[PDB]
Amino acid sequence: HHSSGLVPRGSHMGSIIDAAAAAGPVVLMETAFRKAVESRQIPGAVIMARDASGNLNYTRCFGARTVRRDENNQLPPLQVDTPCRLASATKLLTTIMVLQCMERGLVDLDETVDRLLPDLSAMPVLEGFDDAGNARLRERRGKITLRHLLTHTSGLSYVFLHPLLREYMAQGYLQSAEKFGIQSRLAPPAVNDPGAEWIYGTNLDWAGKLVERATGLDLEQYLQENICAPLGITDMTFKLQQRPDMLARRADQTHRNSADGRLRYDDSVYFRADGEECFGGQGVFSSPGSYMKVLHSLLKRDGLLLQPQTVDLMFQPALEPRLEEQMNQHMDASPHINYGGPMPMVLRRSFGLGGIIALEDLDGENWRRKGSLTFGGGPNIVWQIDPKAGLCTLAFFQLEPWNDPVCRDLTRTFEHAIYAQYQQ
């Protein structure tokens, strides 16, 4: 029997295997991440989950912030406080900033953008090309409103995404609309009328300009005063190159080679230059920890960023049946883009203010629920907030291209495991 003075413990294989309970979902999931790093499938990742109550506050960091060895021949770790490129995960921040302007009476969401963005209002709609091949433009039908910008229903697209605009760049209309290797998000014309269709575009870059003009502050200052300060965030910024402390610790971008699935250093323009202008659709750097602070505040409805009622509005389906149907047809037919990331590839969705809303449970009682809000950023960053489950989660990588199968699979296992053990 037991040993005098010593805590009773396992003393043979049977009793040690019974004293240590079988591996739960979360433990098994963490093994997958470690194996992915060990086998060089990913450089690293940070995964974070929080509930409203505080009972759940889970942060795990795996692997490295880069594939470039440091001065000591080591690969430095990806940490919860590592400065990372958020890319389109910036869009949530900019959305919150617009809603703050609305709360303070500076703007109305259904107001036309003419007053603050007359430069946008004056922009034409691109409608194919001539029989010869000249650029064919026309005047916009109807007015763009702030709500159209927040829901990507303005008619604006992205140059890399839409065929007409890809041809626009190829024909040379946007050659001088770049700075330090970063293309302007304000130069290109619209590809449809507001209200006509859901189209992913430069809407939040325009929405950012609107904030700057409505407040008389640049977006960086507005961000610091209105998002960072209230949450005690000191490392979230549009202006990475002016923060030598963050520069010393920042992640490098990694790219997966199309040919052999191998990881390589990606010398990304975004890590060497900020751009003079703060682009609200993409330009923020922060750590995973700081981003979670934002998500968690929204989940708590604590009133630090927005009134609880304004946060509730973000989660309400914003599209009328016609656009809702068109958005789902577009997304279901575009698994090569996959805006929804880890979500099932066919799902009934809508768009709120700040992201995609699930209009059905993803897998009954096992995963994200109806009413959950989600979006992401290019380097395989995925965030979601699920008020019914009482959870919000964040899967943070610094790996392009977007929609990497290894990252998506890992992100799914992460979420499934967290929901299995901690959803309520």
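Quick note: we count residues from 1 along the sequence shown, nothing fancier.
Averaged over their C-alpha atoms, the temperature factors of 28-36 and 66-74 are higher for 28-36. Mean CA B-factor, 169-177 versus 254-262: the higher value falls on 169-177.
Of all the options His148, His296, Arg85, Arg140, the entry's greatest CA B-factor is assigned to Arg140.
The residue among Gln100, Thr153, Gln241, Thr94 whose C-alpha atom has the highest B-factor in the PDB entry is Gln241. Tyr222 sits in the lowest third of its chain by CA B factor, as recorded in the PDB entry. The deposited CA B-factor of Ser350 belongs to the lowest third of values across its chain. Ranked within its chain, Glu415 lands in the lowest third, by CA B factor from the PDB record.
Annotation for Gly303: C-alpha temperature factor in the highest third relative to the rest of the modelled chain, per the entry. Compared with the other modelled residues of the chain, the Cα B-factor recorded for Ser290 ranks in the lowest third.
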